[PDB]
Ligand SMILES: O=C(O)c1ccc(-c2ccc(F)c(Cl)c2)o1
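The chain that follows stands alone, in the form solved without this ligand, written as structure tokens.
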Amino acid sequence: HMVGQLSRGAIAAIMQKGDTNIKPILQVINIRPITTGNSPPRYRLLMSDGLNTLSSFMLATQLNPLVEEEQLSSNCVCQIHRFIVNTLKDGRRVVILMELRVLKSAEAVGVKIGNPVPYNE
């Protein structure tokens, strides 16, 4: 039961309850840069808790080297130690990952775990 490795229900807890004290274990499904002009690059992540995915995670800029040096990448499994929620003028909520541990590398996992479905909003 690989989905047992992930914090099923964490994404709902963050989005519905506004819980910021949990330290959920999530899988990275995809990472892409976003256009930021002549500011440091910013990375957006599609994350999974085994039950849902959410596309509005952003990495804190201080952690960019983890992506640049390929340690944080699609399929890896991470424990989030600190995150903050920021709400945009249009109402979108962004989850900014501030501190985390990579528990298993992408190549040690190999695949998307389970069949998580998109969280709407």
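One rule holds for the numbers: they count along the sequence shown, beginning at 1.
In this entry, 14-22 has the higher mean Cα B-factor, the comparison being between 14-22 and 96-104.
A summary of the deposited B-factors shows that, of 32-40 and 62-70, the stretch with the larger mean C-alpha value is 32-40. Of the candidates 75, 87, 56, 53, it is 56 whose Cα B-factor is highest according to the PDB record. Ranked by Cα temperature factor within the chain, residue 3 sits in the middle third according to the deposited record.
Same protein, other form: the form solved in complex with this ligand, not shown, and the subject of what follows.
This chain lacks the partner; the member of 66, 31, 60, 77 within 4.5 angstroms of this ligand in the deposited bound form by a non-hydrogen atom is 60. Each of 42, 88 and 98 comes within 4.5 Å of this ligand in the deposited bound form, counting any heavy atom.
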